[PDB]
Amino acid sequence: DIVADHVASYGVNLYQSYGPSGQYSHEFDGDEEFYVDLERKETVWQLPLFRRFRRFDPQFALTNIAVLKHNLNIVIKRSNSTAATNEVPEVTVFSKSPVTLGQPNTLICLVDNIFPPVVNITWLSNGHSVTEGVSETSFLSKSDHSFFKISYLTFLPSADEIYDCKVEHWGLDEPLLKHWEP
């Protein structure tokens, strides 16, 4: 472990056989600055201020990812095809701000200890599935080389609606449901 005032990743480069798929992102003190949409070839910055003064070209990410694809296939042979081990993720659900009934708020679903980085995070309202007003972060890196992902559900809290965060992972036998209510 290294003691520093600030820790940054320029960047987190991920490529997995399943898919196959990959990820490119820059992190600063555990927060995601941007991610590159490798299909669209676009940099998606997380804060508005950042675009004004910073610019990352997507090709650099795509090029790094090709190198990772090359390295992966060589290291799989050297390891005698040792596969990834499935970890049990930890789910925590909390609101963004204090709950005021009938007023804009966001429900936060933290999924920690994710490995490997393949996960389904969905929201339920009174048991039924919600699709609109749902956003999520990329797979945020951890020092132990596992990941955490945070899902968001914008809503106006009410006395008649109860929510759940359904998480599907290979390290789970059944989908994990974490309940939240105002």
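Heads up: residue numbers just count along the shown sequence, starting at 1.
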Legend entry - Stretch exceeding the other in mean C-alpha B-factor - 57 to 65, 137 to 145: 137 to 145
Legend entry - Entry-level comparison of average CA B-factors, 151 to 159 and 126 to 134, reporting the higher stretch: 126 to 134
Inset, instruction - Would you mind finding, among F50, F34, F28, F115, the residue with the largest C-alpha temperature factor in the entry? - result: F50
Inset, instruction - Just say lowest, middle or highest third for the CA B-factor of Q103 relative to the other modelled residues in its chain. - result: highest
Inset, instruction - Determine, from the deposited record, the chain-internal third of the Cα B-factor for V12: lowest, middle or highest. - result: lowest
Legend entry - Relative C-alpha B-factor of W170, binned into the chain's lowest, middle or highest third: highest
